[PDB]
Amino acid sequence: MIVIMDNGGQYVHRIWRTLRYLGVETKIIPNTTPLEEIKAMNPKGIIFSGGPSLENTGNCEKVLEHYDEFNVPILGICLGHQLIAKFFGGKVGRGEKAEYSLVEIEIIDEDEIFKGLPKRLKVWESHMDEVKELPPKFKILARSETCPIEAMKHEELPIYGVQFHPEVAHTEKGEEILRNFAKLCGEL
């Protein structure tokens, strides 16, 4: 079971449908779902979805505060990436290109979610906002010309962020990145 916390973005269903296509048990829940209830689902992984506003992240930060009750892989997508960054002591701010487009990224550490993938990928993303200061204890996994932090992970915990939307088909290997993340939740 991969739980997708709905932060209100336009592409949240695509995350769910991608996982379904992959044969992964998954459910979208309101981001305001109480933690106990999230715990009663026995999640093997959690996704913090995109959305319009850091002011509407519901209990995403609460999940991180209580990570010891979960101890499963977490993937933040765009706003989810940014909220993880803020929570862990990094900084988010405006980028230089607010419109969505395909952007080429360079994978600098294939780690887990980029395992087996090419070194450069075009991904569907905006930089209306982005991570400006990496959190302590995190490492960068991918970059682009205008944004050094296109993907990141905690150095010690399976907590991941991507700035772009792997759930959008335009993203090269987007389905594979989601698959790689799901495979992490099935092994430990």
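Counting begins at 1, following the sequence as shown.
> I need to verify one thing: averaged over C-alpha atoms only, is the B-factor higher for 159-167 or for 115-123?
Stretch with the greater average CA B-factor: 115-123.
> On mean Cα temperature factor in this entry, is 168-176 or 17-25 the higher one?
Mean C-alpha B-factor is greater for 168-176.
> Looking at 66, 139, 44, 39, which has the biggest Cα B factor in the entry?
That would be 39.
> Hey, out of 98, 92, 72, 107, whose CA B-factor is highest in the deposited coordinates?
Highest C-alpha B-factor among the listed residues goes to 98.
> Please place residue 52 in the lowest, middle or highest third of its chain according to the CA B-factor in the PDB entry.
Its C-alpha B-factor, which the entry lists for residue 52, ranks in the highest third among residues of this chain.
> Could you look up the Cα B-factor of residue 5 in the entry and say which third of the chain it sits in: lowest, middle or highest?
For residue 5, whose C-alpha B-factor we compare with every modelled residue in the chain, the answer is the middle third.
> State the tercile, meaning the lowest, middle or highest third, of residue 128 with respect to the CA B-factors recorded for its chain.
As the PDB entry reports it, the C-alpha B-factor of residue 128 lands in the highest third of its chain.
> Consider only the C-alpha atoms of the modelled residues in this chain, order them by B-factor as the entry records it, and name the third containing residue 147: lowest, middle or highest.
Residue 147: CA B-factor falls in the middle third of its chain.
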